[PDB]
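Presented as structure tokens, the chain that follows is alone, the form deposited in one PDB entry.
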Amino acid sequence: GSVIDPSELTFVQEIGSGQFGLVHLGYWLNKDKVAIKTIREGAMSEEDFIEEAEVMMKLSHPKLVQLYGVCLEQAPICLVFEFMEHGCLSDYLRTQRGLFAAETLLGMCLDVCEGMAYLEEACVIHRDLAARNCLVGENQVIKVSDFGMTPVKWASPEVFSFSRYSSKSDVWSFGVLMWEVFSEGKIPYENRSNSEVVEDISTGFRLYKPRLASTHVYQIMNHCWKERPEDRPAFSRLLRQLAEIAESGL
């Protein structure tokens, strides 16, 4: 990827403050609107932070966020991404609650599923798929973000007990992301501790069917939440199941 000099960035407004660093609305070259992600000094190594960018810069799909480049010269170092006009999906769903047709919500799931099928094919495991790590562009296009990395509520049981990450553990997470979309940004397992969530899931409890989700939609969420990873569908199959409902039973 392209190396960006710090002098080429204009920081306009701080919009986010995470564990791994700050996010700012900015401009590159006084031209392109960008989301600038500054590393949090100490909280993560520059090597790892940079390697995430490298991974991302060679994964090209319409439903995966893109970078303009990396700014290494002046610490704190940063990644420079394209600016997604409507911010993160979890917040978007929350602020637009009541203004969504079920068809639109299904389309958002489809967008995320297309990007995840691409990642799955590339043998790239996300590890932290959640509405909070998806972004909203124009005409409500959803892109997957933060997908180049090396939250118990989105973790499959084999992940929360044994750290067995896989594309099928991403599918469990996608099921929870589907629940977030159809509940229009509710927090899954609200006010429950990790111990309680683990126990509930190990018991057979699953997130309740949201009002805007049809029976078929909920059947698909549940297939993502099967106990054994091998009983869950791959993203490339989920994509077509989700598309078939868009015609039939919403």
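So that the term is clear: the rigid core is the largest set of C-alpha atoms that superpose within 1.5 Å between two forms. In case it trips you up, residue 1 is the first one in the sequence shown, and so on.
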Seminar exercise, completed: Missing residues of the deposited chain between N139 and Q140 number none
Seminar exercise, completed: Entry B factor averaged over C-alpha atoms, 66-74 against 38-46: higher for 38-46
For this session: Determine, for stretches 128-136 and 97-105, which one has the higher mean CA B-factor as deposited.
Result: 97-105
Exercise. So among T150, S145, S167, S173, who wins on Cα B-factor in the entry?
Worked result: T150
Seminar exercise, completed: Top Cα B-factor in this entry, restricted to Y189, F182, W28, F205, sits on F205
For this session: Would you check the entry's CA temperature factor for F162 and let me know if it's in the chain's lowest, middle or highest third?
Result: highest
Exercise. By its CA B factor, does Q219 count among the lowest, middle or highest third of the modelled residues in the chain?
Worked result: middle
Exercise. Taking the C-alpha B-factors as the PDB entry records them, is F11 in the lowest, middle or highest third of its chain?
Worked result: middle
For this session: Sort the modelled residues of this chain by their C-alpha B factor and say whether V197 lands in the lowest, middle or highest third.
Result: highest
For this session: Divide the modelled residues of the chain into thirds by Cα B-factor and specify which third, lowest, middle or highest, holds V23.
Result: middle
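Here the subject shifts to the form deposited in another entry, a form of this protein not shown in this document.
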Exercise. With both forms fit on the core, has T104 moved 2 Å or more by CA between the shown form and the other one?
Worked result: no
For this session: Superpose the two forms on their rigid core, then report whether the C-alpha of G204 is displaced by 2 angstroms or more between the shown form and the other one.
Result: no
Problem set entry | Displaced residue check between the shown form and the other one: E190, CA, 2 Å or over, core reference | no
